[PDB]
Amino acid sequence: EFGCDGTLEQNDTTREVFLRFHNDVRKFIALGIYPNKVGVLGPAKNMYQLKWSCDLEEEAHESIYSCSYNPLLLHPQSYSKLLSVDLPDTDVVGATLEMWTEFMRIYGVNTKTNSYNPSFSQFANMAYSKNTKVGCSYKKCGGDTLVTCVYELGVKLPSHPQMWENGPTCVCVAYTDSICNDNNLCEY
């Protein structure tokens, strides 16, 4: 599920944190039980399972390599700079991902449109229903640690801000020959 050989300064423990965090968020949106600011997100039809992409992880790694964020702009990308602390790497990674979702919970999703909002831009990239690939990276840059995820597909702003379509769990039709896996997420 990973197999990323490169000089990426990361091993699979944090990659699994990244990957399963995304797919847990997406499963609970699809099931209609992820908590909004008030109430719940979802259910969503067309919410696809994410797979790791080593190419996208390289894009994530390259954007923070110099210790100043510089995205390649080939793919949607979420980024945050956190204070480096004397705790394990899973803690920074976890803190970033939790923070990305708390932005959403602090501001609140309109669950009629499920539109992107700049105040939870990272959550929108993480929840974008029709994406199927993610790659993330982090780098300690002295007093700060940069954490960033890159996605194959994302919202297209401003015209197409919808993060996911309201619909029944396991309705998987956005790609031909899609099935719903045991995670309650679509795959193709």
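All residue numbers refer to positions in the sequence shown, first residue = 1.
Worksheet item: Should the higher mean CA B-factor in the entry be assigned to 145 to 153 or to 116 to 124?
Response: That would be 116 to 124.
Worksheet entry | Comparing 95 to 103 with 82 to 90, the one whose average Cα B-factor in the PDB entry is higher | Comparing 82 to 90 with 95 to 103, the higher average CA B-factor belongs to 82 to 90.
Item to complete: Tell me, lowest, middle or highest third: where does the Cα B factor of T13 rank within its chain?
Response: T13: CA B-factor falls in the middle third of its chain.
Fill in: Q77, C-alpha B-factor rank within chain (lowest, middle or highest third)
As the PDB entry reports it, the C-alpha B-factor of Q77 lands in the lowest third of its chain.
Discussion item. Going by the CA temperature factor in the PDB record, which third of the chain does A30 belong to: lowest, middle or highest?
Written reply: It belongs to the middle third of the chain when residues are ordered by C-alpha B-factor.
Practice prompt. State the tercile, meaning the lowest, middle or highest third, of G39 with respect to the CA B-factors recorded for its chain.
Written response: Highest third of the chain for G39's C-alpha B-factor.
Discussion item. Looking at the temperature factor on the CA atom of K45, which third of the chain's modelled residues does it land in?
Written reply: Highest third.
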